[PDB]
């Protein structure tokens, strides 16, 4: 409640898409997740659903945020706060509000908080090739993604004061647990095109077919009944977490460039380490001495972003995001100047 002025001013227009997440980072002193978490969890009314106190949530938001590495350029508490902000925005839209249930809204916002917890600034491929402690632990299969979720529940349940899932029912926790685990694991990029195709075939194409009839009262109930099933809700949740995770190209141009520079720096550190240690170079194009950042961002957007957000926009209707995507894409094209 009693938040100091600079941090309180940074979180004024937090419902809006245009949000100064880096002012919050500077204001909070690399602690943006706890302050943004407090307001976001309260606004939805998550501790009323979970039956937790304010002090239980503060201890929970603290211990996860401590395990986020400040040394990492991109994968830190500020990134998870940006994803949490993106998550809440998509949940607040009319398509997602009317489709999803309150249990799903809680699972999404919790998942966004923990999805990259204890990131080593490195990819899965690096850890498998290096023979890391977690690579051997998870058998070179969803190494980081399983570690993020597994460690998050170890921190939450393992300590009594940190446990936000203390007063819940037996059935309510397991459905919530299965929901959070699935959304965190869905962020793995090897299954990127799998999660995009399953979204288009099961949601968008049926919804496109049903919309041919019109806006009749009986037909809207069929659109409701079809989307609101457990299978399709999960596919919407898998798509929502994926989009919010890589929503930085759809931000305002200042933030887009900042997110681009940070993730690029995190690769150059990895590429320098792989050369010195004598590991196989899994990311050859992302080297500080040869990489074009503008040209790299164009390749990333064309491969991952453009087709995914096309599907997500067609479903949810996101005119601000797709307009920013067009403005940022053309800016990266303009920086060649040769």
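Heads up, when I say rigid core I mean the largest set of C-alphas that superpose within 1.5 Å between the two forms. Positions refer to the first chain, counted from 1.
Asks: Do you reckon 151-159 or 210-218 strays further from the shown form in 8 other deposited structures of this protein, measuring C-alpha RMS after a core fit?
Replies: The answer is 210-218, which departs more from the shown form in 8 other deposited structures of this protein.
Asks: Mean C-alpha B-factor higher for 194-202, or for 241-249?
Replies: On average, C-alpha B-factors are higher across 194-202.
Asks: If you average the CA temperature factors over each stretch, which comes out higher, 81-89 or 228-236?
Replies: According to the PDB entry, the answer is 228-236.
Asks: When you compare the CA B-factors of 185, 112, 127, 208 as listed in the entry, which one comes out on top?
Replies: Among 185, 112, 127, 208, the highest C-alpha B-factor in the entry belongs to 208.
Asks: Could you check 105, 160, 118, 133 and tell me which one carries the biggest Cα B-factor in the deposited entry?
Replies: Top of the list by C-alpha B-factor: 160.
Asks: Split into thirds by Cα B-factor across the chain's modelled residues, where does residue 214 land: lowest, middle or highest?
Replies: Highest third of the chain for residue 214's C-alpha B-factor.
Asks: Considering only modelled residues of the same chain, in which third does the CA B-factor of residue 12 rank: lowest, middle or highest?
Replies: Ranked within chain, residue 12 CA B lands in the highest tercile.
Asks: Give the position of residue 306 by CA B-factor within its chain, expressed as the lowest, middle or highest third.
Replies: For residue 306, the deposited C-alpha B-factor lands in the lowest third.
Asks: Can you tell me whether residue 154 has a C-alpha B-factor in the lowest, middle or highest third compared with the other modelled residues of the same chain?
Replies: It belongs to the middle third of the chain when residues are ordered by C-alpha B-factor.
Asks: When the deposited Cα B-factors of this chain's modelled residues are ordered and cut into thirds, is residue 169 in the lowest, the middle or the highest one?
Replies: Residue 169: CA B-factor falls in the highest third of its chain.
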